[PDB]
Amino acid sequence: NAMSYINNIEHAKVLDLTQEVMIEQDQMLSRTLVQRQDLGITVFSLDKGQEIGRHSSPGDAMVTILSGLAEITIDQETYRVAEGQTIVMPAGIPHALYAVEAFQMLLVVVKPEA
């Protein structure tokens, strides 16, 4: 079984994603599960005050907040996404993320095939 499709994470093991990407002082960390033409999957942590600058993706980007609180901007509007909450940031529309508190997220970006 030499092919792996979900990378940088142990297989056949019970895990806690919030332990796979620790929050680090004044830093942002990522564990990139998938990085291909039509799909990104990444676990992130951002310390309080960190930010992902405004940009647009060609795919729909689903954000699931695993801990803390994140301020999400989609075009004009801001959304405060807390632990256990999810938002889909639509393809082609600028978005940004600000760490209101330190937070961890699963980011699944689904791009045009393939």
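The first residue of the shown sequence is 1; numbering continues from there.
In this PDB entry, residue 27 carries a Cα temperature factor that places it within the lowest third of its chain's modelled residues. For residue 85, the recorded CA temperature factor ranks within the lowest third of the chain's modelled residues. Annotation for residue 50: C-alpha temperature factor in the middle third relative to the rest of the modelled chain, per the entry. Per-chain ranking of the deposited C-alpha B factor places residue 67 in the middle third.
Among the modelled residues of its chain, residue 59 has a C-alpha B-factor that falls in the middle third, as given in the PDB entry.
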